[PDB]
Every structure is written in C-alpha cells, then in structure tokens.
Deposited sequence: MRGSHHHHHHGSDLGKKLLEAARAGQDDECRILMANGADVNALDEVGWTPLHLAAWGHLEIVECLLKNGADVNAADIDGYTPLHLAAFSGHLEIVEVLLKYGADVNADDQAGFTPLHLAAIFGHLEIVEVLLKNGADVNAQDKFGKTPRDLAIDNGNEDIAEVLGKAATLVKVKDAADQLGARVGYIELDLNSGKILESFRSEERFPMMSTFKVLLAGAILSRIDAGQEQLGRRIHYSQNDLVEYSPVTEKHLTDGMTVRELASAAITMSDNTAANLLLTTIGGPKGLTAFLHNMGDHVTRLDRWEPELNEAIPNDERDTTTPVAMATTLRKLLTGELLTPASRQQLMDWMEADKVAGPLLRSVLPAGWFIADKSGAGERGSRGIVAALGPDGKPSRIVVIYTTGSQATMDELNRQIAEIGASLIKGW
C-alpha cells in the first residue's frame, strides 16, 4: 500500500483495503506519499480511515507536505477530512508557516478560512508573517497582517460586549485595505468636527467666510466641555481660532458656533450630500449629538462613508491645496486623543486624528497616519453599546491600532 501511492495505484488502494497507516523508515504513511499531487489516492485513503494527522519522523503531517509541494486541492481535502490546520512540526512550523515560507498564496487563504492561527509562533517565536517577510513574500505578509488585525477587532468586540466597526483605506488610491462592519451606522460623536472644519474651509475657499472674522458670543452659548471658548467670553474668537479649538480640543461651543455659520446640522448634512456622501448625517448640536440611542439614525456615519469623505477632504479636489493642508495640520495638533492610536504610535510616525466619546459606551477615532513622517492610510474605528469603562474602551482601540501598525 506504501508503494501503491508513489507511483500511485488508486484502484489498488481500494483493492488493498491492510494497514491504512503502514509506516516506513521515515514514518511516511500512504497518505504522506500521496500528498505530493495524487488527489484521487489521497481521497481513497481518507475514505478508508487513514490517520489524517499522522506525523513523520520530522513532525510533518500530510497537510505540511501538501503545503510545501503546493497542491491546493489536496490541502482542501485533507482539511475536509479533519486535518489539524495548526499542527506543528519539530521546528514549530504550522502549515501556514510553510505556505508563507514557500510563497503559496492560495494555500495561505484556504488555511486562514479553515481556522489557521495567524499568530502561531515557531520554536524561535516567529509567526507566519515574520517568515513571509524573511522570504520576500510581500503579498502574503500583507494578507497575514490584515488577518491578524481582524482577529484583534473581533477580540475587542468580544471584550467590550459591543459591536466594533473598522476600516483601513489607502490614502492615495482610496483602496479598502481591510474592514469590519464597515456599512453599519455608528454615532460619530465629536469625530463630526473634522467634517465641520472641512465645510468651513470650503466656505473660506469660496469667499463665503474669512479665517479672521471675529465672532462674539455670550454665557448662554456656552455648553459643557468648552475649554477654549469659556476663556474668551469677553473678546470673542475668530473663525480660525474656533476651528482650531473645535478640532484640537474638541471644544463643544466652538463647534456649535461654527455650525451656526453654515446653517446648523442641516447645513453640514447638505455640504456632505453635495460632495457625494449620502450616508453621513448631522441632526443635533453639542452635546445632544452624543446620546447614541439604539436604532437612532441621527448623528451617524458608517466606517466606509466617514473614511471616504475624510479622504476626499484631505487629498481630493474639494478643498484648495492650502485648505486641505490646514485641515491636516489642525488634526495633527489634536490634544485630546492621547490614550487612543497615539498611545501606541512608534517614533517617527505621523498622525492626524480626531476622537469622540459619547453615551452608552460610544467611542471612536478617525485618523490619517503613516511611518516616516507622512500619512499614507486612513483608519476609522467606532464602537457603541458597551458597558465597559472609558479606560477599557481606550485600551481596546489602542490595541487595534497596535495591530494595524505591527502589520503595516
């Protein structure tokens, strides 16, 4: 039966059935021999009860050998018959490690679909992505990075007991690199202020507004969490100062004053609709817009809508070059998002961001970020519904960030 699969004899397999798991000097069963491209023989052996997880003298299962030799259909049937997707050889390599070393992308994807552990470590602590990088397999490294980040997004939602929405977009091309719940609505919270600032900058570009125009306001305009505007009651503030305060300090009165200039939440929604975002909507003012009532469509976006709109503001033709640089510069100077993506951002990286927090466990962030001092991707993360504490929500968002940075 060992010779009947070399040199294959698929009709002999059924005839000889005999020890289905007969061994040779290297611990190969007939299944190990057939794994090198004899699909029909593999199937016969498995049907007849071959030990799908038999390990040879080096620790290789048939799935390991099929991963090395590159036979997609044999990988698939072994898994169908219960092959251990995460079996480790004597070096600690799983089949996913082997597929990553040898450059077999289609096999990487089947293994991931069948529950391969993207974070499995060999005897020297190395994951499949580490080995893909070492062997120059950049497309596999990218796939493995996204998969590890989705593991973390789903872990965050488990820990928080709440839905988590995520998208990572290429800043230059607009390509969606990875996403989760990206078409579901979430409360924007103060992340809407980036869209407000974009609308203000658009009006400046058109000659409908002036950065230096001074706005006076009174005690009655002050709402909670207005750290800059509360200090300028006597002298007022210019449009520039208000936009700075709204973006970088999340100043709520500043945002409300700027909303009035554009016709309120309805005016911001009209600006969004006119640039092609028919999903994002603002309906209420600060602070009521943070209520996060279940099933309430008011004051919501989706991860893909927000990321797409933010990309158009920062890199599109919607704003003049000077204005799109001003938006980025204000977001770069954000002062109140420390515990989120900034808390895990490595030395030399660039980030321009805006965070939000609301009722019912709502938390989120929008960001343009990248290594070497230049942004190259947009990340949007939202969650709502959790009973967890603020520190817990912050840590889960930070850990998603650490994963997408590690896998960059």
Would you mind checking the deposited sequence against the model and listing the stretches with no C-alpha coordinates? 1 to 17, 35 to 37
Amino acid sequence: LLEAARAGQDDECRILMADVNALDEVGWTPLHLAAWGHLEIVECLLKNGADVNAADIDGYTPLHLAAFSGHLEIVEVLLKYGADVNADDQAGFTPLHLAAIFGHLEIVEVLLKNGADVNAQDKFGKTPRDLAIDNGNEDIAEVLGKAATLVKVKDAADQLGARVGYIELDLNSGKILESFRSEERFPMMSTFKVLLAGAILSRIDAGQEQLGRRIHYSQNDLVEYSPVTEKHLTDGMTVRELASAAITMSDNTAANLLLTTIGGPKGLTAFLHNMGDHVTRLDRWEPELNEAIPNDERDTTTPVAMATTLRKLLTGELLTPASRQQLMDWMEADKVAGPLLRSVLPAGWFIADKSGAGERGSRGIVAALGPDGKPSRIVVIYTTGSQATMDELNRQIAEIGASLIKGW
From here on, numbers count along this sequence of modelled residues.
Between 144 to 152 and 191 to 199, which has the larger average Cα B-factor in the PDB entry? 144 to 152
Would you determine, from the values in the PDB entry, which of 207 to 215 and 131 to 139 has the greater average C-alpha temperature factor? 131 to 139
If I read the C-alpha B-factors straight from the PDB entry, which of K126, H273, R240, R298 is highest? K126
Member of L327, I167, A292, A91 with the greatest C-alpha B factor (per the PDB record): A91
Can you tell me whether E178 has a C-alpha B-factor in the lowest, middle or highest third compared with the other modelled residues of the same chain? middle
Determine, from the deposited record, the chain-internal third of the Cα B-factor for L233: lowest, middle or highest. highest
By the record's CA B-factor, is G267 among the lowest, middle or highest third of residues in the chain? lowest
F186 by Cα B-factor - lowest, middle or highest third of the modelled chain: lowest
What third of its chain's C-alpha B-factors does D372 belong to: lowest, middle or highest? highest
